[PDB]
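Asker:
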Amino acid sequence: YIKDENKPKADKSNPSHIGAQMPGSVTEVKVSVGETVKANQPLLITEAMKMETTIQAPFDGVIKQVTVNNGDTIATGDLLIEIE
Amino acid sequence: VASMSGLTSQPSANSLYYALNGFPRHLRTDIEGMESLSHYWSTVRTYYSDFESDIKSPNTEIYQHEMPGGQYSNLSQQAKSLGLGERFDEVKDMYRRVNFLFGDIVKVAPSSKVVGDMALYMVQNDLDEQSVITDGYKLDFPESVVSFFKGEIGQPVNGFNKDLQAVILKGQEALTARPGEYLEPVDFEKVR
Ligand SMILES: *C(=O)CCCC[C@@H]1SC[C@@H]2NC(=O)N[C@@H]21
């Protein structure tokens, strides 16, 4: 046997990450790198074909990172925001 | 017309015409003319093959999942786009479940599109009915499905379960009246 020489995931079990739930394109990013966020707060607007999931806030804290810019393509189970 | 009839569409006019031969009432139209149309649309349809649904046969299981015949090919393209081509039998199954989850509602546009979106979403994430019964999991539900529990599409006869609805919208909640009598008129002049 010889070898012929020719995007980050997320977690859906323990820690409070935000994984993509419908695969599509990112339309708007509202939350920056260092910014305070409260309950239910919209963070990320992503769009499919006839679908629109505006991502809310499950907890109440400070943003660690943003994993998508403007117009970036996402799959199901992809890291977007990680939160404590 | 014959070649644009059947399955998820409506009955053939050409077929119905002959079906009434002998019976008291006849169909008022042109036989030979519809035949002529059928042959034309038979060829024209050939242009649109890429959009043909995955039904080639009558399905009696539609009596189970009550999916609108207009939504069908539209929703197939939606599942195809969302990485759910091949997995469309499971989308039909969930559609049935999404209905009894909402207290047995009427499924047409856009209420069909809500069940339609709730079905596509829950399959995508391997969710089920008890995934939100004692759970009530925050999940980032699609536009249409939260919109429906706000009442943006009206009120269903049996309503929604008080506790069911709640955990789907925590925060700015439900509105009671027909949307029109608070939603203020659009200024068409500023649009011009
Ligand atoms: C995409 O822009 C075309 C519209 C596809 C949705 C249509 S609207 C009427 C049918 N009912 C439904 O739930 N979806 C179908």
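Heads up: the sequence lines are chains D and C, in that order. In case it helps, the entry's author numbering puts the first sequence at residues 1088 to 1093, 1101 to 1178. In case it helps, the entry's author numbering puts the second sequence at residues 798 to 849, 852 to 991. Built from N, CA and C at the ideal position, the CB exists for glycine as well.
1. Excluding five sequence neighbours on each side, which residues of the same chain lie with their C-beta closer than 6 Å to the C-beta of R895/C?
2. Give the straight-line distance between the Cα atoms of residue 1027/C and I854/C, rounded to the nearest whole angstrom.
3. For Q877/C, count the other beta carbons within 10 Å of its own beta carbon; 16 or more makes it buried, fewer makes it exposed. Which is it?
4. Consider the C-beta atom of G869/C and the heavy atoms of ligand 1; say whether any pair is separated by less than 6 Å.
5. With a CB to CB cut of under 7 Å and the five nearest residues on each side skipped, what residues in its chain are close to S835/C?
6. Give a yes or no on whether 7 Å exceeds the smallest Cβ distance from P1109/D to chain C.
7. Cβ closer than 7 Å: which chain D residues qualify as neighbours of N924/C?
8. Which residues mark the beginning and the end of the beta strand (DSSP E) in which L1173/D is found?
9. Of the choices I1149/D, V1131/D, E1092/D, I1139/D, whose alpha-carbon is the least far from that of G1155/D?
10. Any contact of the region 879-887 of chain C with the region 1136-1153 of chain D, i.e. 3+ C-beta pairs under 8 Å?
11. Could you check what DSSP says for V1131/D in three-state terms: helix, strand or coil?
12. Cutting at 7 Å between CB atoms, please list the residues of its own chain near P867/C, excluding the five before and the five after it.
13. What does the alpha-carbon distance come out to for the pair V922/C and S833/C?
14. Starting from the C-beta of residue 1222/D, find all residues in its chain whose C-beta is less than 7 Å away, skip the five residues before and the five after it, and write them out in chain order.
15. What are the residues of the region 907-924 of chain C that lie near chain D, defined by any Cβ-Cβ distance shorter than 9 Å?
16. Would you mind reading off the limits of the beta strand (DSSP E) that contains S911/C?
17. Report the CB separation of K1124/D from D1172/D in whole angstroms; it is logged as a contact under 8 Å.
18. Around the C-beta of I1168/D, are 16 or more other C-beta atoms found within 10 angstroms, so that it is buried, or is it exposed?
19. For the region 887-899 of chain C, list every residue whose C-beta sits within 8 Å of some C-beta in chain D, in sequence order.
20. Nearest to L974/C by CA position, among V841/C, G950/C, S856/C, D934/C, is which residue?
21. Taking the alpha-carbon positions, what's the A1114/D to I1175/D distance?
22. Short of 6 Å in beta carbon distance, which residues of its chain neighbour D1091/D, apart from the five on each side in sequence? Order them along the chain.
23. In chain C, which residues lie less than 7 Å from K1101/D when you measure between Cβ atoms?
24. Please identify the residue among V931/C, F987/C, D925/C whose C-alpha is closest to the C-alpha of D892/C.
25. With distances taken Cα to Cα, identify the nearest neighbour of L968/C among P1117/D, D1166/D, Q1150/D.
26. My understanding is that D962/C touches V944/C, with C-beta atoms under 8 Å, so please give their C-beta distance in whole angstroms.
27. According to DSSP, simplified to helix, strand and coil, what is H823/C?
28. If I follow the unbroken alpha helix (DSSP H) through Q1159/D, where does it start and stop?
29. Regarding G950/C and ligand 1, is the C-beta to nearest heavy atom distance less than 6 Å?
30. What are the residues of the region 1134-1159 of chain D that lie near chain C, defined by any Cβ-Cβ distance shorter than 7 Å?
Answerer: In short:
1. As a working mapping, residue 895/C is identified with position 96 in the second sequence. Excluding positions up to five away in sequence, the list reads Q863, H864.
2. This structure cannot settle anything about residue 1027/C, because the visible part of chain C is limited to 798 through 991.
3. Start at 1 with the first residue of the second sequence, and residue 877/C comes out as number 78. Result: buried.
4. As a first step, residue 869/C is located in the second sequence; it is residue number 70 there, counting from the start. Under cutoff, so the answer is yes.
5. Position 38 of the second sequence, counted from the first residue, corresponds to residue 835/C. Around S835/C: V798, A799, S800, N811.
6. Along the first sequence, read from residue 1 onward, the residue named residue 1109/D stands at position 15. No, because no Cβ of chain C sits closer than 7 Å to the Cβ of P1109/D.
7. The residue you call residue 924/C lines up with position 125 of the second sequence. Within chain D, the residues near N924/C are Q1115.
8. The count along the first sequence starts at 1 and reaches residue 1173/D at position 79. Run containing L1173/D: 1173-1177, per the beta strand (DSSP E) assignment.
9. The count along the first sequence starts at 1 and reaches residue 1155/D at position 61. Comparing Cα positions, the closest option is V1131/D.
10. yes
11. Counted from its first residue, the first sequence places residue 1131/D at position 37. Residue state, collapsed to three classes: strand.
12. As a working note, residue 867/C is residue 68 in the second sequence. Answer for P867/C: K906, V907, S911, listed in chain order.
13. Taking the first residue of the second sequence as position 1, residue 922/C is located at position 123. Taking the first residue of the second sequence as position 1, residue 833/C is located at position 36. Looking at the two C-alpha atoms, the distance is approximately 44 Å.
14. Given a span of 1088 to 1178 for chain D in the structure shown, any question on residue 1222/D remains unanswerable.
15. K912, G915, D916, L919, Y920, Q923, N924
16. As a working note, residue 911/C is residue 112 in the second sequence. Per DSSP, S911/C belongs to no beta strand (DSSP E); it is in the alpha helix (DSSP H), 910-923.
17. The count along the first sequence starts at 1 and reaches residue 1124/D at position 30. The count along the first sequence starts at 1 and reaches residue 1172/D at position 78. Going by Cβ atoms, the distance from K1124/D to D1172/D rounds to 18 Å, so no, they are not a contact pair.
18. Counting from one through the first sequence, the residue named residue 1168/D turns up at place 74. Label assigned to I1168/D: buried.
19. Taking 8 Å as the cut-off between beta carbons, none of the residues of the region 887-899 of chain C comes near chain D.
20. Position 175 of the second sequence, counting from 1, holds the residue named residue 974/C. For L974/C, the nearest C-alpha among the options comes from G950/C.
21. Translated into the one-based positions of the first sequence, residue 1114/D becomes position 20. Translated into the one-based positions of the first sequence, residue 1175/D becomes position 81. Approximately 10 Å, taken between the alpha carbons.
22. One-based indexing of the first sequence puts residue 1091/D at position 4. Cβ within range, chain order: n/a, list empty.
23. Within the first sequence, numbered from 1, the residue matching residue 1101/D stands at position 7. Within chain C, no residue comes near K1101/D; the closest Cβ sits about 15 Å away, beyond 7 Å.
24. Taking the second sequence and counting its residues from 1, the one referred to as residue 892/C is at position 93. For the residues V931/C, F987/C, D925/C, the minimum Cα distance to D892/C belongs to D925/C.
25. For the purposes of this step, residue 968/C is identified with residue 169 of the second sequence, where counting begins at 1. Checking every option, the nearest Cα to that of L968/C belongs to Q1150/D.
26. Here the question's residue 962/C lines up with position 163 in the second sequence. Here the question's residue 944/C lines up with position 145 in the second sequence. At roughly 17 Å, the Cβ-Cβ gap does not stay under 8 Å, so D962/C and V944/C are not in contact.
27. Taking the first residue of the second sequence as 1, we reach residue 823/C at position 26. Residue state, collapsed to three classes: coil.
28. If you number the first sequence from 1, residue 1159/D lands on position 65. Taken as a continuous stretch (DSSP letters only), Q1159/D belongs to no alpha helix (DSSP H), being part of the beta strand (DSSP E) at 1155-1160.
29. The residue given as residue 950/C occupies position 151 in the second sequence. Not so, every heavy atom of ligand 1 lies at least 6 Å from the Cβ.
30. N1134, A1142, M1143, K1144, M1145, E1146, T1147, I1149, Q1150, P1152
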